[PDB]
Amino acid sequence: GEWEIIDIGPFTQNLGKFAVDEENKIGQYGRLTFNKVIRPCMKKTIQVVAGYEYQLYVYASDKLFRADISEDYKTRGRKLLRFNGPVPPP
Amino acid sequence: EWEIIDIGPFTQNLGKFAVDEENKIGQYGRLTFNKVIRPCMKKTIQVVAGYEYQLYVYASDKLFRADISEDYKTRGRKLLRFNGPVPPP
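Q: Explain the interface of chain B and chain A here, please?
A: How big an interface is tends to be expressed through the accessible area that disappears when the partners come together. Each side of the interface is counted separately: chain B has 58 residues, and chain A has 57 residues. When residues of the side of chain B that touches chain A are traced back to their parent elements, those giving at least two are β1 (2-5), α1 (9-25), β2 (33-59), β3 (62-71) and β4 (77-83) of chain B. Broken down by element, the residue count for the side of chain B that touches chain A peaks at 27 residues, all from β2(B). Among the residues forming the side of chain B that touches chain A, the class breakdown is 33 nonpolar, 12 polar and 13 charged. Sheet topology places strand β2 (residues 34-60) of chain A next to β2(B); 21 bridges connect them, and they run antiparallel. Looking across to β2(B), one finds that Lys36(A) is bridged to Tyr58(B).

Q: Can you walk me through the side chain of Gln54(B) in this structure?
A: Relative to the assigned elements, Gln54(B) resides in strand β2. Side chain to side chain, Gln54(B) and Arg65(B) meet in a polar contact 3.2 Å long. Beyond its immediate chain neighbours, meaning those up to four positions away, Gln54(B) contacts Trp3(A), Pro40(A), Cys41(A), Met42(A), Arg65(B), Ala66(B) and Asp67(B).

Q: What exactly am I supposed to notice about helix α1 (residues 10-26) of chain A here?
A: Residues three or four positions apart in an α-helix share a direction because the helix packs 3.6 residues into each turn. A rise of 1.5 Å per residue sets the reference length of α1(A), with its 17 residues, at 24 Å; its end C-alpha atoms lie 25 Å apart and thus fit the reference within 8%. The inward-facing, buried residues of α1(A) abut β1 (3-6) and β2 of chain A together with β2, β3 and β4 of chain B. One or two residues past the end of α1(A) sits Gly27(A), with phi positive at roughly 80°.

Q: Quick question: what am I supposed to make of the domain arrangement of chain B here?
A: We note that the domain assignment places domain 1 (1-45) and domain 2 (46-89) within chain B. The distance between the C-alpha centroids of domain 1 of chain B and domain 2 of chain B comes to 45 Å.

Q: Looking at this model, I keep getting lost on the packing of aromatic side chains. Mind explaining?
A: One pass over the structure, following the stated rule, counts 11 aromatic pairs over all chains. Ring centres 5.0 Å apart and planes at 40° place the aromatic pair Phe65(A) and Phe83(A) in the tilted group. With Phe65(A) in strand β3 (residues 63-72) and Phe83(A) in strand β4 (residues 78-84), the pair connects residues that are 18 residues apart, well separated along the chain. Both residues of the pair, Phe65(A) and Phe83(A), count as buried. Their ring planes at 45° and their centres at 5.9 Å tell us that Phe83(A) and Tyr28(B) sit as a pair that is tilted. Here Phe83(A), found in strand β4, pairs with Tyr28(B), found in the loop between α1 and β2, and the two come from separate chains.

Cut-off values and rules
Residues numbered from 1 in each chain as written, not as in the entry; some residues may be left out. Chains lettered and ligands numbered in written order. Heavy atoms only, no water. Residues with missing side-chain atoms left out of burial classes, pairs and counts. Contact = heavy atoms within 4.5 Å. Helix = DSSP H or I, 4+ residues; strand = E, 2+ residues; numbered from the N terminus. Nonpolar A, V, L, I, M, F, W, Y, C, P; charged D, E, K, R; others polar. Pairing = 2+ DSSP bridges. Polar contact = N/O pair within 3.5 Å; in protein donor to acceptor, adjacent residues only side chain to side chain. Expected span 1.5 Å × (residues − 1). Domains from an automatic or database assignment. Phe/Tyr/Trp six-rings, centres within 6.5 Å; stacked < 30°, edge-to-face > 60°. Buried < 20%, exposed > 50% of the residue type's maximum accessible area, 1.4 Å probe, protein only.

Set out below in structure tokens:
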């Protein structure tokens, strides 16, 4: 899935020291002294959209070509990947 | 993951764009756009944006629930949420 349980080893314990240090910046509680991080530790790998790839059958100078073009997500920046032909119609 | 889209203006526009970019590299001479025909396929590309971490941390003998985010590209980290005290898991 998207969720995964991790070891409470060092990297994790160091995630703990960060939490408290940032908590101390806020100070909602006392001057929190870091003790330890315990099981369970949940890690959510966040997947988002980078943009797309379009596959075309396009007729150029009456010749059937297959165009592979990409487009970026937030910028709509498009780039032509491949362009071969002529190719058999589908 | 794979998607089929119609061949409307948007898609024809994609075709006008493609040819025009081929004219630049000109591996097939000067080509003139006619039309884009079925089928049109669209693939969505997903990349990792970063991570969220759910921790159970002890602070001054108090058990808290902390949520941190960490950013893929930059390793940048932020404390989303810090509540407590909370009963042991």
